[PDB]
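Listed next as structure tokens is one chain, alone, in the form deposited in one PDB entry.
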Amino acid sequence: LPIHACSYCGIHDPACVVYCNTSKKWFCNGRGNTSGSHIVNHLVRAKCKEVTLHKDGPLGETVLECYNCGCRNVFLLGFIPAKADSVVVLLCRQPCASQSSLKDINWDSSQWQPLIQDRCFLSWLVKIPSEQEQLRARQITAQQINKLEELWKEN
């Protein structure tokens, strides 16, 4: 089982996993038996904010951070598409993605959208594991997560 396997379930598709900078562990973008996806569960429970994407994923090894100020809080970051072009930019909801800051010089502020929606990352950032790949993994519940998380913070 590879180093980048989800610390909850063991899914190891490079496109599906997300690295957590603070706790140095990988978590997938699938929801399993839980109501949120695994990284989001972790980021909420462990009280974490910063992540990195896999070398082999859609965006290569990228630390997700605000283009303007370098703030890395994933709960605040969102993306703005470029018009007639696919060279997206990542910015803080505030103040970096405001019409005060952007002034419509290079980016259209009204076009901002959170990186995390529906308690998980957008599929083009981190792909969602398939139906059968989620079945092959460890069928963990929300209560085992909470205990595993606590068993970790012991160390």
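Numbers follow the displayed sequence, beginning with 1.
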Greater mean Cα temperature factor according to the PDB record, 137-145 or 19-27 = 137-145
Selected stretch [higher average CA B-factor]: 67-75 or 81-89 = 81-89
task = Among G36, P95, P114, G60, single out the one with the highest C-alpha B factor in the record, please.
result = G60
message = Looking at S130, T52, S109, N41, which one carries the largest C-alpha B-factor according to the PDB entry?
response = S130
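Below: the form deposited with a partner chain bound, not depicted.
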key: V40: touches the partner chain in the deposited complex, heavy atom cutoff 4.5 angstroms   = no
query = Do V44 and the partner chain share at least one heavy atom pair within 4.5 Å in the deposited complex?
reply = no
task = Decide whether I116 counts as a contact residue for the partner chain in the deposited complex under a heavy atom distance cut-off of 4.5 Å.
result = no
query = Do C48 and the partner chain come within 4.5 Å of each other in the deposited complex, heavy atoms counted?
reply = no
